[PDB]
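Below, in structure tokens: the form deposited in one PDB entry, a single chain.
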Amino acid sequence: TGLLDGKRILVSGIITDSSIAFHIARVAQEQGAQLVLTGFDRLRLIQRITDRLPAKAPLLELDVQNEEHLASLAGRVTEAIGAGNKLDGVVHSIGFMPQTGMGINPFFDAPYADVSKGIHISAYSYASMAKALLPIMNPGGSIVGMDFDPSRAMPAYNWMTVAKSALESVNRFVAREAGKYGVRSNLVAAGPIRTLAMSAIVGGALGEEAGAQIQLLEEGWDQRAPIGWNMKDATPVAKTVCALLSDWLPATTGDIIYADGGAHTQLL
């Protein structure tokens, strides 16, 4: 009697135990889902990480910039879940921007080759993955991607902000395509989560000013959030993704659900 009992769900984006996708996978399994995981490049690492999940789940390789991986993905998923079975859910939890595109590196100095690679991985791939998986998704199914509200500019996030603006637009078009299959497509806009890399940025990995700016953003976020915001706790975000994967938001698509403590609704 879990929220996702019987559902077959693909989850991308695990790379460490602090990955938002690790917590999405954990909560989905606690609620009865059967998972297929996808991982990029370091598959030995990812397998060792996902051994800590509450249940076993097959791990498939997927580099979203690799056309061969995308073309073979549905077949590999079907092999893993059994002929005649389809997916009920897909989680896109993938993002990347080269360091020239973030941090104290000036906005104008990011070469377009770098920005293009960030937009490929962070925005276009939401459409790539939907293209690959919709043919093996059931009616009533759900595609969910992770967003960070890009409606306003901010220090340091720079071209990643642009990539998220693109992703939000991509999501509204994926909803048009997915609708033909009876499938919903939505994003969860999360507040800041202190992953490994974010702690590295606070420690100055992308420059001192950038670290300082992110600490100020984190502090302000919890202040503005009427119910507070705990950057060390991804569980509320994971629960929100599972809500979208369930049968309980059946008339929402092309849309963005804010799991951010309510901060974006408050000026100060």
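Throughout, rigid core stands for the largest set of C-alpha atoms superposing within 1.5 Å between the two forms. The numbering used is simple: start at 1 and walk along the sequence shown. Shifts are known only where both forms have a C-alpha.
The following text describes the form deposited in another entry, which does not appear among the structures shown.
Peer 1: Which one moved? Candidates are 54, 203, 32, 226, criterion is a Cα shift of 2 Å or more between the shown form and the other one after superposing on the core.
Peer 2: The answer here is 203.
Peer 1: Fitting the rigid core first, would the Cα of residue 214 be found 2 Å or more away between the shown form and the other one?
Peer 2: The answer is yes; the displacement is at least 2 Å.
Peer 1: Check residue 115 against residue 209 at the C-alpha atoms and report closer or farther in the other form, compared with the shown form; the change is 3 Å or more.
Peer 2: Compared with this form, residue 115 and residue 209 lie farther apart in the other form.
Peer 1: Have a look at residue 154 and residue 211: in the other form, are their Cα atoms closer together or farther apart than in this form, given the change is 3 Å or more?
Peer 2: Compared with the form shown here, the C-alpha atoms of residue 154 and residue 211 sit farther apart in the other form, by 3 Å or more.
Peer 1: Report the moving segments between the shown form and the other one: consecutive residues, 3 or more per run, each with a CA shift of 2 Å or more after superposition on the core, given in sequence order.
Peer 2: The runs that move are 196-206, 208-218.
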